[PDB]
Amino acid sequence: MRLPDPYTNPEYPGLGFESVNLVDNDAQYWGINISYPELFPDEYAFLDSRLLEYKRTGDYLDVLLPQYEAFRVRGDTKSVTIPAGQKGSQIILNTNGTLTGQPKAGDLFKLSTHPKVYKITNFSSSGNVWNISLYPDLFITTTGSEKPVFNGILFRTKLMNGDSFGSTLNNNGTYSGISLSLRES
């Protein structure tokens, strides 16, 4: 299930995060700490209903972190190839001349076929050959059918603080201190 935000639900601008911390837990997994601004009753009720549905159905929570949305690499990834049999800390790909721009160390990365999110540690190229160094090491050996993902990356997580989720209506008619602690699953 997608954690609702102002992109899925622009009617609730309060679902836009105030602060986000991406924590490295070293298999390696990312921890995500999200802090909300004060939420209006409709926003809080909608978020609460969506987290109750997540609790009811033992699903994951997919989350977009807009602070990593730099759109540094653009274009159609259809003819972009990732050769099979790769594992370790590097992903080599052939852009086929279809991608504009280049990624930077600190950017996120994901393979289209697997949920793991990586951090880019280094980038080098030789024409259409891109060499992207990743942290942590690849969770799978490539099959050759994967596509690189630079934008719109969703982290697949589980909620860690469901037992301390919630708030009470304050004197301003809003809900303060709402925060989500997520663990990449």
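Each residue number is its position in the shown sequence, starting from 1.
State which stretch shows the higher mean Cα B factor in the entry: 14-22 or 166-174.
Between 14-22 and 166-174, it is 166-174.
Taking the mean of the C-alpha B-factors per stretch from the entry, tell me the winner out of 82-90 and 67-75.
Comparing 82-90 with 67-75, the higher average CA B-factor belongs to 67-75.
When the CA B-factors of 149, 61, 129, 39 are compared as recorded in the entry, which is the largest?
Of 149, 61, 129, 39, 61 has the highest C-alpha B-factor.
Top residue by Cα temperature factor, when 57, 142, 133, 35 are compared in the entry:
In the PDB entry, the greatest C-alpha B-factor among 57, 142, 133, 35 is found at 57.
Among the chain's modelled residues, which third holds the C-alpha B-factor of residue 53?
Residue 53: CA B-factor falls in the highest third of its chain.
Test of reading the entry: by CA B factor among the chain's modelled residues, which third contains residue 95?
It belongs to the lowest third of the chain when residues are ordered by C-alpha B-factor.
In terms of the chain's CA B-factor thirds, is residue 44 lowest, middle or highest?
It falls in the middle third of the chain.
Lowest, middle or highest third: where is residue 159 by Cα B-factor in its chain?
According to the entry, residue 159 has a C-alpha B-factor in the chain's middle third.
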